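See structure below.
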Amino acid sequence: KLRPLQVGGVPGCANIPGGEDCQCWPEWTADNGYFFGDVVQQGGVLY
Amino acid sequence: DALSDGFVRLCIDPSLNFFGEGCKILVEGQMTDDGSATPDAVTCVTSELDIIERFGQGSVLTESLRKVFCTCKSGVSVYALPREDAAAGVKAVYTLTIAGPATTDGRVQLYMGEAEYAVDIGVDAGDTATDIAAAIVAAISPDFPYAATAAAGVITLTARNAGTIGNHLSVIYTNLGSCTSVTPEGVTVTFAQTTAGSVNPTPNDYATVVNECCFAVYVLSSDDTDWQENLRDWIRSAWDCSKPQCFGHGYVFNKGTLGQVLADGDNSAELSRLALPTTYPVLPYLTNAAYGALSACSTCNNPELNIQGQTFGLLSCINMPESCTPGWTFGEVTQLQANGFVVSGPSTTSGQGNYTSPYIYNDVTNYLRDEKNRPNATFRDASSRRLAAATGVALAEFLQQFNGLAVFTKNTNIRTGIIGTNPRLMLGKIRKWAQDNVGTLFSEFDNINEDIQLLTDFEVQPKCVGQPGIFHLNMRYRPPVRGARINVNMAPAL
Amino acid sequence: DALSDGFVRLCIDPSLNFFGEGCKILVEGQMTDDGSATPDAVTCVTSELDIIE
Amino acid sequence: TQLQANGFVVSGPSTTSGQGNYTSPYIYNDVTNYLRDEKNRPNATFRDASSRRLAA
């Protein structure tokens with residue numbers, strides 16, 4: 001089932017999942033004081 | 001620089017011939033309008049660089065000249081007789097259909113005409129017909145005698161030269177499976193040839209463009225039968241009795257099925273008809289010109305050896321793809337050998353691995369039967385023709401010591417002191433010249449007492465008609481014999 | 001290569017199997033419909049990984 | 001022996017291993033099916049399969 005690929009030919013075999021860096025919803029940091037309602041992102045979850 | 005004295009004078013120059021012109025060949029073909037050479041005029045060619053601008057890029061004469069220069073390396077003075085396209089000519093157009101999105105990796109190789117025009121694209125997993133056609137058009141060599149235009153799957157190849165010489169195109173995939181270098185799933189590329197003929201030129205002006213320029217070999221790059229018949233008439237006029245003779249030979253081709261190729265033949269002892277099967281991959285004029293050049297760059301200093309066999313008759317510049325079905329079946333092969341036709345085969349028949357060079361058998365001429373009607377093989381093979389020419393020239397140079405000498409016909413007694421001669425002494429001297437050439441120009445004469453006759457003009461002609469100082473010589477030679485078939489018949493015992 | 005140093009320039013043959021190509025063996029037999037080979041036509045088989053397809 | 005005579009190749013097991021007991025066959029008399037000649041006169045010229053390869 002393994003097939004020899006080619007010169008210039010991985011884009012085909014794989015799908016090269018691209019990277020991603022989204023940090024909207026500012027991260028929780030103890031250096032800041034928060035009020036009731038302030039929303040933060042911790043561990044990828046909004047609280 | 002210690003050369004000041006003036007005793008020795010250096011002339012360091014890499015472009016200097018030492019061995020004369022040598023072995024004049026003439027290549028006849030059609031050209032395009034891009035060239036800068038005046039049509040219908042024999043010119044000299046010195047290299048393979050200026051041919052593009054002189055005969056147009058992509059013209060059949062350009063490829064003919066390129067193959068001539070590829071084969072005959074050095075020793076020949078090549079000339080070209082470029083002619084232009086006839087008025088009414090539909091430039092041949094071929095369609096090639098590609099297809100099949102794409103599915104995997106591999107190389108897609110195509111073979112059009114000769115191997116020098118082969119292309120190799122790198123179609124990989126995922127592609128589209130349009131892009132494949134674009135890559136093909138970008139990969140086609142510009143020297144290919146066809147202009148390529150893409151139609152997103154319909155590659156259109158139009159012939160750069162109008163005439164019947166364009167109806168001989170072939171494209172082979174030579175990769176389907178092909179035992180290695182596997183193909184990306186595309187399509188079975190389809191070859192269709194929508195267009196057609198529209199008759200090519202017919203010059204018939206050899207008696208003017210070349211008047212006394214003695215050429216050794218004429219090659220023709222057109223499939224018109226009337227043109228070849230005109231060339232035959234010319235070369236036959238070169239082997240006349242009226243005027244002094246510029247001996248010559250001509251090399252032409254004939255492509256088609258067995259019926260039409262046996263019909264193309266006649267008793268033309270002046271041409272070497274080359275037969276070609278209907279499914280011939282290589283463009284015909286290429287192999288024709290290669291054969292012509294080889295036979296001119298290997299024999300002109302040695303006019304005895306036949307262009308034949310694995311070593312001598314090898315056309316190294318022509319490259320065909322391998323195949324197991326070899327065009328002419330052996331029955332057709334022997335049928336063509338019998339009716340004075342040159343046949344060509346492969347030289348490796350290696351299944352499916354790579355290109356192979358063609359190879360000729362039976363370097364013969366189209367001389368079946370004698371002038372009266374009788375069959376005979378005196379002018380069957382071309383080496384007999386070149387040998388007869390050489391022998392005639394040698395005898396002519398030997399006989400020059402008599403033209404100008406005092407001759408005695410009556411009373412036969414050369415008085416003391418004078419420098420005359422009589423017919424018996426001339427006959428003896430000619431007999432000894434013919435004799436001490438046995439082994440290089442003649443064979444083991446059988447009845448020399450009557451093979452050579454010298455008659456004074458006072459007896460050949462009727463009474464009171466002869467002219468003092470005219471002689472008639474009749475000679476019956478026999479070119480040497482060589483090796484041929486062996487016919488082994490090995491038979492083991494119990 | 002331009003970056004090379006000496007003058008002896010080796011040019012490796014594209015692929016191996018040279019010493020064969022003189023011992024061809026034709027195996028004849030039937031095939032199922034799953035196969036992708038054109039029937040009634042000799043075709044070489046390089047390796048064992050692609051006879052099933 | 002009857003098969004050996006009429007130009008037939010025979011294969012038999014190499015080891016004497018007893019019932020069950022996997023083995024591997026080998027060939028005796030690598031011969032061709034050629035026993036008579038032309039004009040019906042018996043011979044042995046092409047009996048051995050190596051004689052044919054050597055003829056070629």
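Convention: chains lettered A, B, ... in structure tokens order; per-chain residue numbering from 1; ligands numbered from 1 as shown.
When the distance limit is 10 Å and only C-alpha atoms are what count, the residues near region 23-35 of chain A, minus those fewer than 4 positions from it on the same chain, are residues 39, 40, 41, 42, 43, 44, 45, 46 and 47 of chain A.
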Which residues, written as a list in words, have at least one atom at most 12 Å from residue 431 (chain B), with only C-alpha atoms counted and residues fewer than 2 positions away on the same chain left out?
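My reading of the contact set: residues 395, 398, 399, 424, 425, 426, 427, 428, 429, 433, 434, 435, 436, 437, 438, 445, 447, 448, 449, 450, 451, 452, 453, 454, 473, 474, 475, 476 and 477 of chain B.
For chain A, a DSSP pass over the backbone yields strand (DSSP E or B) at residues 27, 41, 42, 45 and 46 of chain A.
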Which polymer residues have any atom within 9 Å of an atom of residue 412 (chain B), counting only C-alpha atoms, with same-chain residues fewer than 6 positions away left out, as a ChimeraX atom specification?
/B:421-424
Quick check for you: according to DSSP on this backbone, which residues of region 14-119 of chain B are classed as helix (DSSP H, G or I)? Reply as a list in words.
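Here are the helix (DSSP H, G or I) residues of region 14-119 of chain B: residues 51, 52, 53, 54, 55, 60, 61, 62, 63, 64, 65, 66, 67, 68, 69, 70, 115, 116 and 117 of chain B.
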Would you save the residues from that selection as a CSV table (one decimal), in the first residue's frame, using N, CA, C and O atoms?
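Produced file part09.csv, reproduced below:
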```csv
chain,number,residue,atom,x,y,z
B,51,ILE,N,22.6,27.2,-40.1
B,51,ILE,CA,21.6,26.6,-40.9
B,51,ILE,C,20.2,27.1,-40.5
B,51,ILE,O,19.3,27.2,-41.3
B,52,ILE,N,20.1,27.5,-39.2
B,52,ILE,CA,18.8,27.9,-38.7
B,52,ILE,C,18.3,29.2,-39.4
B,52,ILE,O,17.2,29.3,-39.9
B,53,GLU,N,19.2,30.2,-39.5
B,53,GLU,CA,18.8,31.4,-40.2
B,53,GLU,C,18.9,31.4,-41.7
B,53,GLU,O,18.3,32.2,-42.3
B,54,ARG,N,19.5,30.4,-42.2
B,54,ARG,CA,19.7,30.3,-43.7
B,54,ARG,C,18.5,29.5,-44.3
B,54,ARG,O,18.1,29.8,-45.4
B,55,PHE,N,18.0,28.4,-43.6
B,55,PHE,CA,17.0,27.6,-44.2
B,55,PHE,C,15.7,27.6,-43.4
B,55,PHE,O,14.9,26.7,-43.6
B,60,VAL,N,12.1,21.1,-43.1
B,60,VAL,CA,12.5,19.7,-43.3
B,60,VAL,C,14.0,19.7,-43.8
B,60,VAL,O,14.7,18.8,-43.4
B,61,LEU,N,14.4,20.7,-44.6
B,61,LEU,CA,15.7,20.8,-45.0
B,61,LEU,C,16.7,21.0,-43.8
B,61,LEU,O,17.8,20.6,-43.8
B,62,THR,N,16.2,21.8,-42.8
B,62,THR,CA,17.0,22.1,-41.7
B,62,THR,C,17.3,20.8,-40.9
B,62,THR,O,18.4,20.5,-40.5
B,63,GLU,N,16.3,20.0,-40.7
B,63,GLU,CA,16.5,18.7,-40.0
B,63,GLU,C,17.3,17.7,-40.8
B,63,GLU,O,18.2,17.0,-40.3
B,64,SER,N,17.1,17.7,-42.1
B,64,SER,CA,17.9,16.9,-43.0
B,64,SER,C,19.4,17.3,-42.9
B,64,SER,O,20.3,16.4,-42.7
B,65,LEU,N,19.7,18.6,-42.9
B,65,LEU,CA,21.1,19.1,-42.8
B,65,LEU,C,21.6,18.7,-41.4
B,65,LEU,O,22.8,18.4,-41.3
B,66,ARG,N,20.8,18.8,-40.4
B,66,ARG,CA,21.3,18.5,-39.0
B,66,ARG,C,21.6,17.1,-38.9
B,66,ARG,O,22.7,16.7,-38.3
B,67,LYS,N,20.8,16.2,-39.5
B,67,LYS,CA,21.2,14.8,-39.4
B,67,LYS,C,22.4,14.4,-40.3
B,67,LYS,O,23.2,13.6,-39.9
B,68,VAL,N,22.5,15.1,-41.4
B,68,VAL,CA,23.7,14.9,-42.2
B,68,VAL,C,25.0,15.3,-41.4
B,68,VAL,O,26.0,14.6,-41.5
B,69,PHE,N,24.9,16.4,-40.7
B,69,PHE,CA,26.1,16.8,-39.9
B,69,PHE,C,26.3,16.0,-38.7
B,69,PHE,O,27.4,15.8,-38.3
B,70,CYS,N,25.2,15.4,-38.2
B,70,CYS,CA,25.3,14.5,-37.0
B,70,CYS,C,26.0,13.2,-37.4
B,70,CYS,O,27.0,12.7,-36.8
B,115,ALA,N,14.0,10.9,-31.7
B,115,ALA,CA,14.2,11.0,-30.3
B,115,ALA,C,14.7,12.3,-29.8
B,115,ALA,O,14.5,12.7,-28.7
B,116,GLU,N,15.4,13.1,-30.7
B,116,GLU,CA,15.9,14.4,-30.3
B,116,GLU,C,14.7,15.3,-29.9
B,116,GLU,O,15.0,16.3,-29.2
B,117,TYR,N,13.5,15.1,-30.3
B,117,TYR,CA,12.4,15.9,-30.0
B,117,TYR,C,11.5,15.3,-28.9
B,117,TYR,O,10.4,15.7,-28.7
```
Interface list for chain B, partner chain C, 9 Å threshold, only C-alpha atoms, as a list in words
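Residues of chain B within 9 Å of chain C, counting only C-alpha atoms: residues 177, 178, 179, 180, 350, 351, 352 and 353 of chain B.
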Which residues of chain B have any atom within 9 Å of an atom in chain A when counting only C-alpha atoms, and what is the closest pair of atoms for each, with the distance in Å to one decimal? Order the rows by chain and rising number and write it as a Markdown table.
```
| residue | atom | partner | partner_atom | distance |
| --- | --- | --- | --- | --- |
| B:104 | CA | A:5 | CA | 7.8 |
| B:105 | CA | A:6 | CA | 5.7 |
| B:106 | CA | A:6 | CA | 6.6 |
| B:122 | CA | A:7 | CA | 8.8 |
| B:124 | CA | A:9 | CA | 6.6 |
| B:125 | CA | A:12 | CA | 5.9 |
| B:126 | CA | A:12 | CA | 6.9 |
```
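The interface of chain C with chain A at 12 Å, considering only C-alpha atoms, consists of residues 49, 50, 52 and 53 of chain C.
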Residue contacts of residue 42 (chain C) (10 Å, only C-alpha atoms) excluding same-chain residues fewer than 5 positions away, as a VMD selection string:
chain C and resid 26 to 28 37
Could you name the residues that touch region 5-22 of chain D at 7 Å or less, counting only C-alpha atoms, but leaving out those on the same chain fewer than 6 positions away, as a ChimeraX atom specification?
/D:28-35
Could the residues of chain B that have an atom at most 10 Å from chain D be listed as JSON lines, each with its closest atom pair and the distance in Å to one decimal, counting only C-alpha atoms and ordered by chain and ascending residue number?
```
{"residue": "B:490", "atom": "CA", "partner": "D:55", "partner_atom": "CA", "distance": 9.1}
{"residue": "B:491", "atom": "CA", "partner": "D:55", "partner_atom": "CA", "distance": 9.5}
{"residue": "B:492", "atom": "CA", "partner": "D:45", "partner_atom": "CA", "distance": 7.0}
{"residue": "B:493", "atom": "CA", "partner": "D:45", "partner_atom": "CA", "distance": 6.5}
{"residue": "B:494", "atom": "CA", "partner": "D:45", "partner_atom": "CA", "distance": 5.2}
```
Gap from CA of residue 26 (chain B) to CA of residue 216 (chain B) - Å, one decimal
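CA of residue 216 (chain B) lies at a distance of 7.9 Å from CA of residue 26 (chain B).
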When you look at residue 394 (chain B) with a cut-off of 12 Å (counting only C-alpha atoms), what residues show up, excluding the ones that are within fewer than 2 positions of it in the same chain? I need them as an MDAnalysis selection string.
chainID B and resid 387:392 396:400 433:434 437 440:442
Save the residues we just selected, N, CA and C atoms, as a compact mmCIF listing (two decimals), in the first residue's frame?
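In the end it all went to again36.txt:
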```txt
# COMPACT_ATOMS: atom_id res chain seq x y z
N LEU B 387 32.13 1.31 -57.97
CA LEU B 387 33.32 0.66 -58.51
C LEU B 387 33.41 0.83 -60.02
N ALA B 388 32.29 0.75 -60.72
CA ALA B 388 32.31 0.99 -62.16
C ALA B 388 32.73 2.41 -62.47
N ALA B 389 32.23 3.38 -61.69
CA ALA B 389 32.66 4.76 -61.89
C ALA B 389 34.16 4.91 -61.68
N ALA B 390 34.67 4.36 -60.58
CA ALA B 390 36.10 4.49 -60.29
C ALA B 390 36.94 3.82 -61.37
N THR B 391 36.52 2.64 -61.84
CA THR B 391 37.27 1.95 -62.88
C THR B 391 37.28 2.74 -64.18
N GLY B 392 36.14 3.30 -64.56
CA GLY B 392 36.11 4.12 -65.75
C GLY B 392 37.05 5.30 -65.66
N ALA B 396 40.41 5.94 -67.91
CA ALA B 396 40.52 7.17 -68.67
C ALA B 396 41.83 7.88 -68.38
N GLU B 397 42.26 7.88 -67.11
CA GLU B 397 43.54 8.51 -66.79
C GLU B 397 44.71 7.71 -67.31
N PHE B 398 44.58 6.38 -67.38
CA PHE B 398 45.67 5.57 -67.90
C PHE B 398 45.84 5.76 -69.40
N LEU B 399 44.74 5.86 -70.14
CA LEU B 399 44.81 5.97 -71.59
C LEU B 399 45.30 7.33 -72.08
N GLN B 400 45.64 8.25 -71.19
CA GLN B 400 45.99 9.59 -71.63
C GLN B 400 47.34 9.65 -72.33
N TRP B 433 47.80 -3.40 -68.23
CA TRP B 433 47.19 -2.54 -67.22
C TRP B 433 45.97 -3.20 -66.60
N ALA B 434 45.11 -3.78 -67.43
CA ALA B 434 43.96 -4.48 -66.89
C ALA B 434 44.39 -5.65 -66.03
N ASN B 437 45.85 -4.97 -62.36
CA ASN B 437 44.84 -4.42 -61.47
C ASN B 437 43.92 -5.49 -60.91
N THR B 440 42.08 -5.47 -57.17
CA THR B 440 41.69 -4.19 -56.58
C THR B 440 40.55 -3.54 -57.35
N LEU B 441 40.46 -3.81 -58.65
CA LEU B 441 39.40 -3.24 -59.47
C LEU B 441 38.69 -4.25 -60.35
N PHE B 442 39.35 -5.33 -60.74
CA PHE B 442 38.74 -6.37 -61.55
C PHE B 442 38.84 -7.69 -60.80
```
Compile the contact shell of residue 217 (chain B) as a JSON list (two decimals) with N, CA and C atoms, in the first residue's frame: residues with an atom at most 8 Å away, counting only C-alpha atoms, same-chain residues fewer than 2 positions apart removed.
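Here's the written file part.json:
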```
[["chain", "number", "residue", "atom", "x", "y", "z"],
["B", 24, "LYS", "N", 31.68, 15.39, -52.17],
["B", 24, "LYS", "CA", 30.61, 16.39, -52.24],
["B", 24, "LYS", "C", 29.24, 15.73, -52.18],
["B", 25, "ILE", "N", 28.41, 16.17, -51.24],
["B", 25, "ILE", "CA", 27.05, 15.68, -51.10],
["B", 25, "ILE", "C", 26.09, 16.84, -51.35],
["B", 26, "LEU", "N", 24.87, 16.52, -51.77],
["B", 26, "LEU", "CA", 23.84, 17.53, -52.02],
["B", 26, "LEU", "C", 22.53, 17.10, -51.37],
["B", 215, "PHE", "N", 28.51, 16.02, -58.48],
["B", 215, "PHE", "CA", 28.16, 15.65, -57.11],
["B", 215, "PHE", "C", 28.26, 14.15, -56.93],
["B", 219, "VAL", "N", 20.63, 13.37, -51.95],
["B", 219, "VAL", "CA", 19.57, 12.87, -51.08],
["B", 219, "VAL", "C", 18.35, 13.75, -51.29],
["B", 248, "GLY", "N", 27.06, 9.86, -60.35],
["B", 248, "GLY", "CA", 26.37, 10.18, -59.11],
["B", 248, "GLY", "C", 25.35, 9.13, -58.75],
["B", 249, "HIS", "N", 24.89, 9.21, -57.50],
["B", 249, "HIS", "CA", 23.86, 8.32, -56.98],
["B", 249, "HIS", "C", 22.86, 9.13, -56.18],
["B", 250, "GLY", "N", 21.67, 8.58, -56.02],
["B", 250, "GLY", "CA", 20.60, 9.27, -55.32],
["B", 250, "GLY", "C", 19.92, 8.36, -54.33],
["B", 251, "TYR", "N", 19.50, 8.94, -53.21],
["B", 251, "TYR", "CA", 18.90, 8.20, -52.11],
["B", 251, "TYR", "C", 17.52, 8.77, -51.82],
["B", 292, "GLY", "N", 21.96, 8.54, -46.43],
["B", 292, "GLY", "CA", 22.70, 9.17, -47.51],
["B", 292, "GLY", "C", 24.03, 9.72, -47.06],
["B", 296, "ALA", "N", 28.10, 8.42, -47.79],
["B", 296, "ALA", "CA", 28.95, 9.40, -48.47],
["B", 296, "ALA", "C", 30.17, 9.76, -47.64]]
```
